[PDB]
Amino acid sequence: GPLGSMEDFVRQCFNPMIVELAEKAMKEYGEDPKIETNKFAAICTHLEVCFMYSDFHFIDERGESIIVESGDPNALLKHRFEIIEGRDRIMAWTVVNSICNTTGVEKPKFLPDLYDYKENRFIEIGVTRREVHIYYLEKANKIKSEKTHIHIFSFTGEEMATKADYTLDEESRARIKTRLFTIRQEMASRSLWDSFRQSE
């Protein structure tokens, strides 16, 4: 088949909000989404996973954890997760500081991806083109001491998470894996996959 551009793929297969947040992040770190395209695509994927991870997850009127698949449910419900990823450094740390002061949880040394109000812990999400058991150790060895929960997804369906605690129901994580599988397959059809995979 003909080789497509990764730029084209990213803008077509991710929602404009994801793309825009990704572009801003790269710029913030001084990179151009039109040159570092595999990095661009990786950042978009990781962002979407972060969003899908928090999607449809609230804490109910009684203070337990529920699932609502519409936007029409009750405005008294609080989102179970805070989303840290996607914010610029200043705002990201502002949110982390607010969380840390309210709940009294310890301040992480690096920006995490999410905060879980039910479990009362920060979460580091990862998405790897390599073996999850390996990527996990890389992430695990950076955070040093740990209250931060780590959850790794791959494009082939494997997961690994701290202490075998996977946080979410099977159905939610199946959604994420399906999306990753769909991303991988579509890249393959544009002959973008093999290059993307080797670039990590």
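Rigid core: the largest C-alpha set superposing within 1.5 Å between the two forms. One-based numbering along the sequence shown.
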| item | value |
| --- | --- |
| Stretch with greater C-alpha deviation in 5 other deposited structures of this protein, 95-103 versus 69-77 (rigid core superposition) | 69-77 |
| Between stretches 145-153 and 52-60, more displaced by Cα RMS in 5 other deposited structures of this protein (rigid core superposition) | 145-153 |
| Mean C-alpha temperature factor, higher of 168-176 and 56-64 | 56-64 |
| Residue stretch of maximal mean CA temperature factor, 144-152 vs 47-55 | 144-152 |
| Out of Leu77, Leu114, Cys100, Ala92, residue topping the C-alpha B-factor column of the entry | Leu77 |
| Third of chain Cα B-factors occupied by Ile134 | highest |
| Chain thirds of CA B-factor: placement of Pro108 | middle |
